[PDB]
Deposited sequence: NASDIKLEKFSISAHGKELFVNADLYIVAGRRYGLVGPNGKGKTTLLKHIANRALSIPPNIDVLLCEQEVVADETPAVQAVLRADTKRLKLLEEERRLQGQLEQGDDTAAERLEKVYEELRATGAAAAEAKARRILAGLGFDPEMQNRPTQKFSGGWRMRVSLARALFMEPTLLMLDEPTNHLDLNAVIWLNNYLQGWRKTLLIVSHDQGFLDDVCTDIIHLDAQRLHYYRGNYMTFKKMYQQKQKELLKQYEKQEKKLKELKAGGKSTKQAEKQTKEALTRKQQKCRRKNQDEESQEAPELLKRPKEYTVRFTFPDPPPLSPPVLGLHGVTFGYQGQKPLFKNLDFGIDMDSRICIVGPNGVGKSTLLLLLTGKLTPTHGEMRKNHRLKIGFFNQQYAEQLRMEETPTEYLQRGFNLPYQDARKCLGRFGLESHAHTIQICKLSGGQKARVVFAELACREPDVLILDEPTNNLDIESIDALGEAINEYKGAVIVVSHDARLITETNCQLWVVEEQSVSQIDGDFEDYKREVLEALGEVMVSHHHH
């Protein structure tokens, strides 16, 4: 039938880096593996070397997914290549990923990059290969697409290899976890929950064995070798705001659109309290980021107005601001000059948001996207905000920092408005869901599972 992959003590060096030293690749046919590990450690390189067959791989049909070309070809046609059944399947996969009939029959040239990535995703799902490899497939999808993709991949019967830092996705889809650590692959049977249990237990026991080793060495001296394990203590805690008299923040009769385009919102009324937990949902391109920018005041309404308490302090996150910052300063200098922080305070703040010590003295322009995002979260902490407004906060974070962010949101005594595709984050923070639709915002009275069933019921899909 189908062969397994067992490549033992292979090594991969790429871009002048020793990414894999004597690693073992075990991929059993039919199982679903999630590949997790820190940024820049060689996950994408491993997938590319498997697809290339640069590593000795048996002749199984293997597909690695990447962005699809832009031409006059209609989207279901780039999927497609009896025929009625195949076209219906392609259109079902496309609708699940957020394609309405028009977008379906739309030429692939009139789509942005992310939508072309979705088109390619539909392709590899349609082809149904023996071994399908997905590189962070939910990272740039919206919540509706992630809901559908999770539900779809649970019924997948062939072999999957998925790189991801989407914890709920990994928990719902994967039967095995592969951890890229110390240039090697470590295997865990079960989803991410099982992996984190086993890994934290391994680290506790390594610490105890190191301590007993050093105690016995001291005893020998008074009368191969192990190293001390490494800590990784992220704490995303935000300071709790003092009491604030209403009104807090609201849009009143707000109409907004961009020049020469049909307005994205008409006669919009939407307000928050100091305990609000709001998750803005809707397919990409509907205006979620625009709504957040209207809530911050960085976009001015065409009609109506935004009103907030004149003492309200907003902490705002989005990826484009992370590329803004103050590029020639170090993160330490950035925090100290922005908020008159003593050096030790800036250091502890940068450290607890996940910025390693060696990066505190690098110019911000030389930092990676994840490092810049962590600097922005630290800045938000220093701003002492009353309202957190987070547009896709998890895109450049690891799972441990996303868990820390969820815990911090649950401890935070201010308001939080978030746009996110991370189901675990949206769920654990008890977010009330508000969908952008009808040039307005509509409340989903119900929990996240109600919205998930609603999304799948609109598509004629059976929730597993």
Report summary line: Gaps vs the deposited sequence (1-based, no CA atoms) are 82-123, 266-300, 542-546
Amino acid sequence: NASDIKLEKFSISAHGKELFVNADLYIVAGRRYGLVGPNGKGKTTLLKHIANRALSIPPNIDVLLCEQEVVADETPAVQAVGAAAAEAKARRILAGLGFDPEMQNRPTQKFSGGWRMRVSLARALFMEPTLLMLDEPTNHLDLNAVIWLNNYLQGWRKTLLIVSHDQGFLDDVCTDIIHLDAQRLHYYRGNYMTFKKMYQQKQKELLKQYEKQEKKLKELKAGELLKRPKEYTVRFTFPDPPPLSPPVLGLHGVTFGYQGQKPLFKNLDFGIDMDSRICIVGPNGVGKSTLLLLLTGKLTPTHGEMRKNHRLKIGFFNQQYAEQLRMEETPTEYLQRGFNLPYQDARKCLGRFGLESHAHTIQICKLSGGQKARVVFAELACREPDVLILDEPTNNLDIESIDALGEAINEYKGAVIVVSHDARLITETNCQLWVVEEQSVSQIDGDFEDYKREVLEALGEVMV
From here on, numbers count along this sequence of modelled residues.
Requested in this report: Decide which of the stretches 346-354 and 113-121 has the higher mean C-alpha B-factor, going by the entry.
Outcome: 113-121
Requested in this report: Select between 25-33 and 421-429 the stretch whose C-alpha atoms have the higher average B-factor in the entry.
Outcome: 25-33
Query - Criterion, highest CA B-factor; candidates, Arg337, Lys158, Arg311, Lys221 - result: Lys221
Report summary line: From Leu294, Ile272, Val78, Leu134, the top C-alpha temperature factor is at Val78
Query raised in the report: Lowest, middle or highest third: where is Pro107 by C-alpha B factor in its chain?
Result: highest
Query raised in the report: Which third of the chain does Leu268 land in by C-alpha B-factor: lowest, middle or highest?
Result: middle
Report summary line: Binned into thirds over the chain's modelled residues, the C-alpha B-factor of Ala88 lands in the highest
Report summary line: Temperature factor at the Cα of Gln439, chain-ranked in thirds, falls in the middle
Query - Relative C-alpha B-factor of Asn60, binned into the chain's lowest, middle or highest third - result: highest
